[PDB]
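# Summary of structural features
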Amino acid sequence: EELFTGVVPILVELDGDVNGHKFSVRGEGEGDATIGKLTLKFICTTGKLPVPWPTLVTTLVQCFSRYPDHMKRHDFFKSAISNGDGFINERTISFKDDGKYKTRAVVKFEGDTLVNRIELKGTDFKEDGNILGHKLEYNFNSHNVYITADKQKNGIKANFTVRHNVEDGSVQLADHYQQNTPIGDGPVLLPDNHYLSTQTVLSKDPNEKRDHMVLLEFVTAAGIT
């Protein structure tokens, strides 16, 4: 196809509930799948965010990952978007010794804009833990997202552990269980085992007074040759 040949505008909408605390996040930016780069700004439209921004990074469009040419057949994300009318991204994020997030999102184009609509539910968090107690540093480490084809439902699955730096020098782990499935019936390509290498830098908009997160991200596919 040709849907990701240049810079594409992106829109992210997230509605969540963590331990009863409801909230909403709006994301605006653009992506360039050719170099595997994302640049988006996120705002909490309901006031202050009840959880640390970094815990939402993975939830807040892997179709923008850079897949080297020889791995083009393994780019399930792009394939599903152009042959299956987008895809669904479901995850269970388990924070060690704390609560967990369960997320469902639909990723598809709306006009010339790639949209990621998410519903998030957080349960069993310690009101004084690293999440609700905002004890995580404002940064984000580099991770590898291991992808494999689903064994029974024409889709993929991924597993990886995100490492959140705690302000006391410790690290808060977040195990991710990911599942993707195209929204449409059409034939989408299934990949062989491989992973996505990711780098992310978080920052602030000096002129933004609402709770927010400016984000820069580089993702590259690897594991085959």
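What counts, and at which threshold
Residues numbered from 1 in each chain as written, not as in the entry; some residues may be left out. Heavy atoms only, no water. UniProt positions renumbered as here; feature names shortened; annotations may be inferred. Salt bridge = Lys/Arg side-chain N within 4 Å of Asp/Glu carboxyl O. Buried < 20%, exposed > 50% of the residue type's maximum accessible area, 1.4 Å probe, protein only. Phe/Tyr/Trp six-rings, centres within 6.5 Å; stacked < 30°, edge-to-face > 60°. Helix = DSSP H or I, 4+ residues; strand = E, 2+ residues; numbered from the N terminus. Core = buried A, V, L, I, M, F, W, Y, C linked by side-chain atoms within 4.5 Å. Contact = heavy atoms within 4.5 Å. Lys, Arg positive; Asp, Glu negative; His and termini not counted. Polar contact = N/O pair within 3.5 Å; in protein donor to acceptor, adjacent residues only side chain to side chain. Pairing = 2+ DSSP bridges. Axes fitted to C-alpha atoms, helices over the stretch in contact; angles between N-to-C directions.

Structure determination for this entry is recorded as X-ray crystallography, at 2.5500 Å resolution.

As annotated in the PDB entry, the protein chain carries the name Green fluorescent protein and comes from Aequorea victoria. Under the Function heading, UniProt states for the protein chain: "Energy-transfer acceptor. Its role is to transduce the blue chemiluminescence of the protein aequorin into green fluorescent light by energy transfer. Fluoresces in vivo upon receiving energy from the Ca(2+)-activated photoprotein aequorin." Here the protein chain is described in UniProt, under the heading Subunit, as follows: "Monomer."

### Some details on the pattern of salt bridges
Here the idea is simple: oppositely charged side chains can pair when their charged atoms come close. Going through the model one piece at a time under the given rule, you end up with 14 salt bridges. Among the ionic pairs, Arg117 bridges to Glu13, the shortest N-O distance being 3.2 Å. Note that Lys41 and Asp205 form a salt bridge whose closest N and O atoms lie 3.1 Å from each other. Owing to a relative accessible area of 22%, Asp205 belongs among the partly exposed residues under this scheme. Beyond isolated ion pairs, a larger network of salt bridges with shared partners links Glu13, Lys108, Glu110 and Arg117.

### Side note on the packing of aromatic side chains
Applying the stated criterion across every chain, the model contains 9 aromatic pairs. Each ring, one from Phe76 and one from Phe87, has its centre 6.4 Å from the other, and the planes form 55°; the classification is tilted. Taken as a pair, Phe76 in helix α1 (residues 76-83) and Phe87 in strand β4 (residues 87-95) lie far apart in primary sequence, 11 residues in all. Judged by relative accessible area, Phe76 falls into the buried class, the value being 0%. Since its relative accessible area comes to 2%, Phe87 is described here as buried.

### A word on the nonpolar core
For soluble globular proteins, the rule of thumb is that nonpolar side chains tend to be buried together. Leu56, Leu60, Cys63, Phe64 and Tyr101 are the most contacted members of the largest nonpolar core, which totals 55 residues. When residues no more than four places from it in sequence are discounted, the contact partners of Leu60 are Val12, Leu14, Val25, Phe42, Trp53, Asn116, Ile118 and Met213.

### What to know about the side chain of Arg91
Tracing the backbone through its elements, the reader meets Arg91 in strand β4. No salt bridge is formed by the buried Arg91; its nearest oppositely charged neighbour, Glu217, is found at 8.4 Å. A polar contact of 2.9 Å, which involves the side chain of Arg91, links it to the backbone oxygen of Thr58. Non-local contacts of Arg91, meaning those with residues more than four positions away in its chain, are made with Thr58, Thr59, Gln62, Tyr101, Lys102, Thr103, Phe160, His176, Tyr177 and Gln178.

### A few points about the sheet that holds strand β7 (residues 143-149)
Consider a sheet: its strands pair through backbone hydrogen bonds, and that pairing is either parallel or antiparallel. In space, the 11 strands of this closed barrel follow the order β1-β2-β3-β11-β10-β7-β8-β9-β4-β5-β6, with mixed pairing throughout. Here the average twist between neighbouring strands, direction ignored, is 20°. Strand direction decides the pairing type here: strand β8 (residues 156-165) and strand β9 (residues 171-182), joined by 10 bridges, are antiparallel. Note that in β9 the partner of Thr161 across the bridge is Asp175. Most of the contacts of α1 go to β9, to which it runs at about 35°, and overall it touches β4, β5 (100-110), β6 (113-123), β7, β8, β9 and β10 (194-203).

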